[PDB]
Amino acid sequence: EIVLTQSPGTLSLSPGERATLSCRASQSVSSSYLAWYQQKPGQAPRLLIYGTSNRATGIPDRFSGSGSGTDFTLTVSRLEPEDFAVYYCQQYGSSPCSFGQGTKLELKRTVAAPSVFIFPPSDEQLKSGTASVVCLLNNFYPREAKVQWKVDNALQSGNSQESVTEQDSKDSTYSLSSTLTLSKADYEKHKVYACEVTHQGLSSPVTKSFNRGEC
């Protein structure tokens, strides 16, 4: 029931930099019984290093491992784009076997501003008795962004859900949806709908709005 604590939780680094991933055990673990796994999104994990320092069949020399006692380290001397993924340390020398919580290696790039868009509800949905209002933030880096909903200039709370894409395979940008969910009644009793987006790529917050029934 050893606990493995990986630090940092997220690590943002440029290709060609050196990466140091850390795994800290709640008690000593033998070097013979510590491994590292790599997992890319929508893929199963893959064995990377076994026995603290042994590369597995098909793993480049770029990847190296070291450690002993309660402290282990994975090193990617020069990061290829293919290496940006989640890494997991696992101890298998005591029962139950345990995995740390993972370290996500993010591909750092130059700031890109969100192209903000807003979508009113369709009329079919104003029939099921609910209205969904969508605010899209498209192709933006870094992932850090705030989206505020306002209905007739009243700041909304608890009625919106966000979903963010994985870092793109080409641009290394993120895309985010914010979905306001309100009753068809509340939708038909209010005129201005607005999503305000704050992003490092923007000198001031961007607002997109529509007026219900107009346009």
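Each residue number is its position in the shown sequence, starting from 1.
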| item | value |
| --- | --- |
| Segment of higher mean CA temperature factor, 30-38 or 63-71 | 63-71 |
| Residue stretch of maximal mean CA temperature factor, 122-130 vs 136-144 | 122-130 |
| Deposited CA B-factor, highest of 21, 202, 192, 195 | 202 |
| Entry-reported Cα temperature factor of residue 91, expressed as the chain third it lands in | lowest |
| Residue 100 CA temperature factor, ranked by third within the chain | lowest |
| Entry-reported Cα temperature factor of residue 177, expressed as the chain third it lands in | lowest |
| Residue 186 by Cα B-factor - lowest, middle or highest third of the modelled chain | middle |
| CA B-factor placement of residue 55, once the chain's modelled residues are sorted into thirds | middle |
